[PDB]
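Structure at a glance
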Amino acid sequence: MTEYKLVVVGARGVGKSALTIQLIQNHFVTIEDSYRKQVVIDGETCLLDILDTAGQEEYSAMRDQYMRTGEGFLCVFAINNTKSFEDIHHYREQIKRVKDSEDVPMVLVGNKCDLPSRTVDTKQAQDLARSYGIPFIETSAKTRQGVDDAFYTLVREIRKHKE
Amino acid sequence: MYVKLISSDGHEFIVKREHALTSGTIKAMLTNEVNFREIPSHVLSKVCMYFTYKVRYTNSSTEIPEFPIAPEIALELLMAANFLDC
Amino acid sequence: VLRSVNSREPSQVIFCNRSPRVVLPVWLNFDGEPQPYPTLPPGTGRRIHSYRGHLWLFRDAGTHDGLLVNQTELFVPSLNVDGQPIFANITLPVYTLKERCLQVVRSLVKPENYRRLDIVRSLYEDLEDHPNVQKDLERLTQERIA
Amino acid sequence: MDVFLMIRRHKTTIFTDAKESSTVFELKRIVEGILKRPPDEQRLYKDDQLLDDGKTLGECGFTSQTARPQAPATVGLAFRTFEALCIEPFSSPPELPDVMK
Ligand SMILES: CC(C)[C@@H](C(=O)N1C[C@H](O)C[C@H]1C(=O)NCc1ccc2cnn(C)c2c1)n1nnc2c1CC[C@H](CCCN1CCCN(c3nccc(-c4noc([C@@]5(C)CCCc6sc(N)c(C#N)c65)n4)n3)[C@@H](C)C1)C2
Ligand SMILES: Nc1nc2c(ncn2[C@@H]2O[C@H](COP(=O)(O)OP(=O)(O)CP(=O)(O)O)[C@@H](O)[C@H]2O)c(=O)[nH]1
Ligand SMILES: [Mg+2]
């Protein structure tokens, strides 16, 4: 059994903790912590190590190498927060810096897809995720909509990256 | 204005003075013909090529090509490059 | 003394490796330490998101040789005008014939076999003085004393 | 756009430059300015093909891509009752030391 360290990056209040809480416990509800769950993906039992990033922003040698350990990243934004979509670029810059590679298994995630007033169109996120060469998935931490899809597709990106 | 640089095997290289002035040794020794007692022709011919490469790209604002050096000349050229101070 | 300013003001920059070498971008942090960045293959370009007042220099990725950016050894991004990027062109410098010969010999002889050569002892030392960046930061500060 | 060349005859070699649009005869005036021989008594060769006095250096194969300053192109020279073009080779480099193989 191989382990897959997954990191969840994003802006404040986009549902980074809420996404992990459903993937771990199927139990939708508060600090930077790491969670582990054994799941079967593509008929293959593997261990998931989810680190929900949180707190103030910091670029220390501690925090850099802590993010370096992750094998794949979820870049999460809220569809009703325009800033969270236009912030995705900065998270990808730092991911590519600490991993020291322009090809890192990543996936753009649009959460909070259960609210009526969306301010970020789906076309904007498809044109952005195409420029990064990464998959895009609309999720909802309230209804489990694509919560398995968002996490499982990243594991396929890491298994593809294996050279 | 051209100066004359003679190698150890009688090969004389005619090169402009401002190009030969790159060498700190050649600069001090001149006063129109310069002889070399232990630098062969295949080494002095390459040094004269560096003089052209030097003056041509020393203030170039664009990209500059690499100066090619073959392995069979690299060791002998380093001795000549050391003596000439260029 | 040679350090980046903590401006927190973004500035999009384009790095361009117009050298036949693999270029190593070196960022001078706010404390003056050189921090390397992902390398650039020969003949490539990248849209870097740097910040105003940040110091940059570029070296050969392997041999740590010196390289020029816009015909100078340092790069500070300005402020972008009308959203235009800022182009940093990386070229080879005119290496002295002595230094170029050293680079070629360093790439063909293992450092354990430097002393097995038939060169003079003055050159045996020059071979083992591989370029370090700290001595280059030390001189560059002394060079800008005016 | 300049073209960088080596004018070689016997054990002599001239390192000079010229624009690609300049004439072969114009180059013979430069050779005359070093080697005291008139252009009527000169015969320039690119490899072993006689260069016509009216053509430009580019019309002879000399381009800034094939005639770089760090690797200039060779032009044979014959003086005059003309001689046969004779370029003496340079010295030969020594065998590669075993540490550099
Ligand atoms: C400190 C340096 C990073 C530096 C800097 O950027 N430089 C220095 C040279 O000029 C070049 C430039 C740089 O590196 N370009 C990127 C790059 C990439 C590849 C290549 C290849 N070649 N080159 C040359 C490259 C360059 N620098 N200097 N001044 C500043 C900075 C960084 C930014 C500072 C101010 C930003 C303000 N923010 C606050 C508001 C919200 N925001 C926010 N809110 C919460 C969290 C985060 C966040 N961000 O990342 C992360 C994670 C967790 C994920 C992910 C991996 C890591 S790792 C680590 N430690 C993390 C953390 N905390 C993270 N979470 N973001 C973001 C969007 C803006 C001003
Ligand atoms: N409607 C809706 N609300 C959601 C969803 N996911 C999270 N939220 C809401 O977002 C708020 C904050 O989300 P949270 O999971 O704490 O996000 P976070 O990115 O971990 C915030 P921090 O970075 O500060 O830890 C909560 O009020 C929660 O109810 C979702 O899918 N739909
Ligand atoms: Mg949280």
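Residues numbered from 1 in each chain as written, not as in the entry; some residues may be left out. Chains lettered and ligands numbered in written order. Heavy atoms only, no water. Residues with missing side-chain atoms left out of burial classes, pairs and counts.

Structure determination for this PDB entry was carried out by X-ray crystallography, with a resolution of 2.85 Å recorded in the header.

Recorded under Pathway, the UniProt text for chain C is reproduced unchanged: "Protein modification; protein ubiquitination." Quoted verbatim from the Sequence similarities heading of the UniProt record, the comment on chain C is "Belongs to the VHL family." (UniProt positions renumbered as here; feature names shortened; annotations may be inferred.)

With the PDB entry as reference, chain B is termed Elongin-C, source organism Homo sapiens. Reading the Pathway entry of the UniProt record for chain B gives the comment "Protein modification; protein ubiquitination." You can read under Sequence similarities in the UniProt record for chain B the words "Belongs to the SKP1 family."

Structural notes on the sheet that holds strand β1 (residues 10–17) of chain C
In sheet architecture, strand pairing relies on hydrogen bonds along the backbone and comes in two forms, parallel and antiparallel. Residue and element names in this part refer to chain C. Pairing within the open sheet is mixed, and its seven strands lie in the order β3-β2-β5-β6-β7-β1-β4. Two strands in the sheet have a free side with no partner beyond their single neighbour: β3 (34–36) and β4 (45–51). Here the average twist between neighbouring strands, direction ignored, is 35°. Together, β2 (23–28), β3 and β5 (55–60) form the strand contacts of helix α3 (residues 133–143), whose direction differs from that of β5 by roughly 135°. (Pairing = 2+ DSSP bridges. Helix = DSSP H or I, 4+ residues; strand = E, 2+ residues; numbered from the N terminus. Axes fitted to C-alpha atoms, helices over the stretch in contact; angles between N-to-C directions. Contact = heavy atoms within 4.5 Å.)

Describing the site of ligand 2
Residue and element names in this part refer to chain A. Around ligand 2, the surrounding shell holds 17 residues, and the nearest of these are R12, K16, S17, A18 and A141. Measuring from an oxygen atom of ligand 2, one finds a backbone N or O atom of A18 at 2.9 Å. One nitrogen or oxygen atom from the side chain of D114 is found 3.1 Å from a nitrogen atom belonging to ligand 2. Contact with the protein chains removes 70% of the 660 Å² of surface that ligand 2 exposes when unbound. A per-element tally of the shell around ligand 2 places helix α1 (residues 16–25) first, with three residues. (Near = heavy atom within 4 Å. Polar contact = N/O pair within 3.5 Å; in protein donor to acceptor, adjacent residues only side chain to side chain. Areas by Shrake-Rupley, 256 points an atom, 1.4 Å probe, with all protein chains shown as cover.)

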